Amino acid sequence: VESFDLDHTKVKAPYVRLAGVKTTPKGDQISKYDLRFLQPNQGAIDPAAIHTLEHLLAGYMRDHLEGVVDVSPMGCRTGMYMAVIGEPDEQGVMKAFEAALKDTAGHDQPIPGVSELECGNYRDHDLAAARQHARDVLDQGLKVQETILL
């Protein structure tokens, strides 16, 4: 598990970081990015808020970046993982994430996909908190974080 090899005490959130790159048999690269909102072990995003962030960024990352495969919350609740079909491009992903965070901070419309039909825990959302976490990231400023291994 490559996740456990990053030295979580040495990164500086918020940031974007290439977490890993894998190739398919023919040679296509699948890049995975760590979209980190909070500093590891200094607090966590509430489950309702990260659930709303997942629904919003699922769509907003796709709006600003091609080849997105998935946007998922991390179990540690300090960030999200995003998988993209394409060569590593930390700067491009940082710009996309910034654009998507502006969309997220200003999202005043209903949360996309929230209903008993469309979501598996439809009552567990918190748009006010998700918007504020996006604004906090923008307020602090993103950067491309080097992977510091253990």
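Take the two forms, superpose them, and find the largest set of C-alpha atoms that agree within 1.5 Å; that set is the rigid core. Sequential numbering from 1, following the sequence displayed.
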{"item": "Segment of greater CA departure in 4 other deposited structures of this protein, 134-142 or 21-29, core superposed", "value": "21-29"}
{"item": "114-122 versus 87-95 - greater average Cα B-factor per the deposited record", "value": "114-122"}
{"item": "65-73 set against 47-55, stretch whose average Cα temperature factor tops the other in the entry", "value": "65-73"}
{"item": "Highest-ranked of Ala134, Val11, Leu127, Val21 once sorted by CA temperature factor in the record", "value": "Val21"}
{"item": "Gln109, C-alpha B-factor rank within chain (lowest, middle or highest third)", "value": "highest"}
{"item": "Third assignment of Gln39 from its chain's C-alpha B-factors", "value": "lowest"}
